[PDB]
Amino acid sequence: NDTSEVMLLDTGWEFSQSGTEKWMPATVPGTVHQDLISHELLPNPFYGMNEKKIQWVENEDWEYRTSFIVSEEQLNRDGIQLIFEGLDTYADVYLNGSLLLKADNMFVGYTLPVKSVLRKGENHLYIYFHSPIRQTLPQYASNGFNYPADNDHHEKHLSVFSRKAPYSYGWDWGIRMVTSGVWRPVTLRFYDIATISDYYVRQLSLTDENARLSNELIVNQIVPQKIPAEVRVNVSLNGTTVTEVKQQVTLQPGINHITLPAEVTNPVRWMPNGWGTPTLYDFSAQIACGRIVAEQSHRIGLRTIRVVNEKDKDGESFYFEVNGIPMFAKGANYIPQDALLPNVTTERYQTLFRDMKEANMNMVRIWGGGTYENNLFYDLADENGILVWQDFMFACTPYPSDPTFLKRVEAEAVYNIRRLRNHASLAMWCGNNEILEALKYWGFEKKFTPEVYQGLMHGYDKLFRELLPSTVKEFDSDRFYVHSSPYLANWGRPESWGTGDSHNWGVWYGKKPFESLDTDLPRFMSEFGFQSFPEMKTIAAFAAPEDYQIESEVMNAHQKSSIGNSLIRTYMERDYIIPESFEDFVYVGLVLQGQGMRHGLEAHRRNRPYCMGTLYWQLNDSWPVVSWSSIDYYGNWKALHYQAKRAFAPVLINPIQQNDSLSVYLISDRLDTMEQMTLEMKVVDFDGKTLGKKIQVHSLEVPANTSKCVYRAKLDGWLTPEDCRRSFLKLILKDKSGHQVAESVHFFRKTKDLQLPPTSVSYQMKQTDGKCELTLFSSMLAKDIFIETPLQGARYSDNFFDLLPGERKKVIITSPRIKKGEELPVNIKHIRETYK
Ligand SMILES: O=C1NC[C@H](CO)[C@@H](O)[C@@H]1O
Ligand SMILES: [Br-]
Ligand SMILES: [Br-]
Ligand SMILES: [Br-]
Ligand SMILES: [Br-]
Ligand SMILES: [Br-]
Ligand SMILES: [Cl-]
Ligand SMILES: [Cl-]
Ligand SMILES: [Cl-]
Ligand SMILES: [Cl-]
Ligand SMILES: [Cl-]
Ligand SMILES: [Cl-]
């Protein structure tokens, strides 16, 4: 791209527990815990009872060192920068006897001019990582109260003093692994004249006819003379130039601000997943001096995103308008993919986005107890058409608000805003998760003096109502900011539900039935959720067979919700027969979470436009654990993820039964209206015999972006109470010429009340490298079938579905570990098998 040379400092590192003088090979980027694990100096932290056994690490200081060679020629370049994309967290950086930096914020990248400190030949880099526990003990002692951060799993809630990923201190689905290290890459750049410090592509306006952009460059010139230069911006699409602009300047020593307008006529818009292609242009900025001394590019999506948050007849709306069209949000809350962040590989990020795209999602919330994610995450969101709701990294406790603390926060806000603001995917900023809710409703006023409580309330405003919104206004002026989620609505207070976004924890924490999701509607659901144990192959990863009990010491290790096991059983009993065996209980628990949650996803879509989105808690897991996730740590889809896919389908037939009556809604997130449609239904018993006749509803239209009721019928006079326990309703939607565009099945009774027949699911299999193809058959209904295989992360065309009587079903399973001539073990489970 330019004349600079980059040296990756990613080999030859060593580490030491401070004070031991013993050094061993390390892997950078990485973590202290991983380095110890790689030397068998820690047990597998995710196995068994090992959490307590690895806590000692957090009390030690840890040192890292590397050496590297610099040549006479490199030392003669105009400038040389050492760049740390991430240091976790209190890190003193020494090079060649100079203290370069005292780092104090995990979320900040540092760029350090070092030419004057480098030497020809060998150069020595040492980094000292202070324990973030020891570092903040004096700070806590001076504070005179303990912040109410219940998720910080220690007597002393030290997390709040450090700009370090909150979840690292523990969470209610998380292991405590308060780690340290060089967590993102370290690079040396040797260059001439200048670097581009920042390149911002600011969209001024966008119409079907024209996109107007402002290319804003910050150029840091390292030489003392004045340097004539030409700044060039090339805009290309698929390798073909669309427009090119240039500007003559004379670069002054230090910072230069350069602005170049560019326009794209008849722009091809970036669309979100479901509404078209996520088209990305390539914008390249170069600085040319007589040689291209500096270049930087971004992929750019041309679209408008407006968050509409306005007083209205129902309270206060909260929805996303994309390219001028209101878009119903369908997605999930994302947490960190690992207890050890550098262990998350490119392939894991790619697979997680494939999981979101395949489940018909169009939005992800990067929840405030994790990290501002790596550039790759947002690059994947851009190319998959997934909108990103970005929390700042504050969650579930008030935080300090003293000048030094706020200076750290300002540093991370500026850094990460400039880092992320060029992504098409980035849709909004949110100051924190649940802090105002906590301050108002979680009973802190009983835990603190009135004076300390007042201090907390004032401190909330300084950070979330002043500093963060001001920073967004300055650096990302056309993106929405809200101070907290949920900003006003509280789940126990019905009068607040028509006001902005909800975290409806009435289900789960409030013990409310899943049916409450049909009546208790938000303007936008930013969280709701339900736990499940992950499937047996995941349990087997952390537990020996002796430990396969809900309440074994090892299982309780991997359940961080102290009320979770009791809630799961309570809810299961409402709808299912509780199985006697642990393995069957796990299977039904997956079914339960899937069925209950999808009932909610369907209510939210059905109630558009009153409700304009749903983001369930939670997408994913950081380690093998019992949690609210739809995908376990090993990437296995739980039932919930298949159910989410189905409930988020662009066109959905939603039968909803209440008060002994059935309505059927047709729900569409398509941009086009469907005309002359037929809804066809029929009642089929569990033996496959049709009851009565086919019901047909002709001449239906399904307008773009609407939910509409097309059919209502009382059950009384149609089906006997006996019919209701022994049959299901099949529903199909077809176009004028008879082609199927959607299908659904409906049960008229709770599963535990169904008279399911004993039945065998037989299968045929054709296995080749990487692939099994199964054909399943049962002469009778098999309810909520789970096709279980021992291969971690195996992918299925479908799973957790009802196998209908006499209706053959093909299922493809893929995994790089499937070998032709090593038959894939397959175990098919279904509800009736779970009891006698
Ligand atoms: O934002 C949140 N809401 C509820 C989750 C489960 O208790 C919790 O893990 C998360 O902090
Ligand atoms: Br320099
Ligand atoms: Br220090
Ligand atoms: Br300037
Ligand atoms: Br969509
Ligand atoms: Br605000
Ligand atoms: Cl610099
Ligand atoms: Cl408002
Ligand atoms: Cl107090
Ligand atoms: Cl229903
Ligand atoms: Cl009913
Ligand atoms: Cl059976």
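Residues numbered from 1 in each chain as written, not as in the entry; some residues may be left out. Chains lettered and ligands numbered in written order. Heavy atoms only, no water. Residues with missing side-chain atoms left out of burial classes, pairs and counts.

The record lists X-ray crystallography as the method behind this PDB entry and 1.85 Å as its resolution.

Some words on the packing of helix α13 (residues 564–575) against helix α14 (residues 582–606)
Their axes nearest at 10 Å, the elements α13 and α14 cross at an angle of 75 degrees. Relative to α14, the element α13 lies roughly perpendicular. For the pair α13 and α14, the contacting residues are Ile-568, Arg-569, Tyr-571 and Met-572 in the first and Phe-585, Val-588, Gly-589 and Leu-592 in the second. Across the contact of α13 with α14, the residue classes break down as six nonpolar, one polar and one charged. (Axes fitted to C-alpha atoms, helices over the stretch in contact; angles between N-to-C directions. Helix = DSSP H or I, 4+ residues; strand = E, 2+ residues; numbered from the N terminus. Parallel < 35°, antiparallel > 145°, perpendicular 65-115°, else oblique. Contact = heavy atoms within 4.5 Å. Nonpolar A, V, L, I, M, F, W, Y, C, P; charged D, E, K, R; others polar.)

Some points on the site of ligand 1
All residues in the neighbourhood of ligand 1 are listed as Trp-171, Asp-172, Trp-173, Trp-367, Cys-396, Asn-433, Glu-434, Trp-505, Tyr-509, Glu-527, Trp-617 and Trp-628. In this structure, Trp-171 approaches ligand 1 through a side-chain N or O atom, which is 2.9 Å from an oxygen atom. Looking at the shell around ligand 1 residue by residue, the classes come out as eight nonpolar, one polar and three charged. Domain assignment of the residues forming the shell around ligand 1 places at least three in each of domain 1 (1–192) and domain 3 (302–648). (Near = heavy atom within 4 Å. Polar contact = N/O pair within 3.5 Å; in protein donor to acceptor, adjacent residues only side chain to side chain. Domains from an automatic or database assignment.)

Re the domain arrangement of the chain
Where the parts come together, the accessible area they lose is often given as the size of the interface. Domain annotation for the chain reports domain 1 (1–192), domain 2 (193–301), domain 3 (302–648), domain 4 (649–750) and domain 5 (751–836). With centres defined by C-alpha atoms, the gap from domain 1 to domain 3 works out at 29 Å. With 40 residues of domain 1 at the interface, the matching set in domain 3 holds 56 residues. The junction of domain 1 with domain 3 conceals about 4000 Å² of combined surface from both sides, 64% of it contributed by carbon and sulfur atoms. (Buried area = accessible area lost by both parts, 1.4 Å probe.)

Here's the deal with the nonpolar core
One finds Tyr-616 and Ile-787 to be the most contacted residues of the largest nonpolar core, which totals 143 residues. By residue number, the principal contributor to this core is α14, which donates 10 residues. Those residues in contact with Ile-787, other than ones at most four positions away along the chain, are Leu-774, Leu-776, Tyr-796, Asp-798, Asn-799, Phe-801, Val-811, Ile-813, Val-826, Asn-827 and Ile-828. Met-24, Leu-42, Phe-84 and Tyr-633 belong to the second largest nonpolar core, which has 45 residues in total. (Core = buried A, V, L, I, M, F, W, Y, C linked by side-chain atoms within 4.5 Å. Buried < 20%, exposed > 50% of the residue type's maximum accessible area, 1.4 Å probe, protein only.)

With respect to helix α15 (residues 639–647)
Given 3.6 residues to a turn, an α-helix orients residues that are three or four positions apart in the same direction. For α15, the buried fraction is high: seven of the nine residues fall into the buried class. Listed as buried for α15 are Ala-639, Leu-640, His-641, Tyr-642, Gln-643, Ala-644 and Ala-647. On its buried face, α15 is in contact with α5 (346–358), α14, β32 (613–616), β33 (651–658) and β43 (795–796).

Looking at the sheet that holds strand β17 (residues 254–265)
Pairing is antiparallel across the open sheet formed by three strands, whose spatial order is β13-β14-β17. A strand with exactly one partner marks an edge of an open sheet, and here the two such strands are β13 (194–206) and β17. The mean angle between the axes of side-by-side strands here comes to 20 degrees, regardless of whether they run parallel or antiparallel. (Pairing = 2+ DSSP bridges.)

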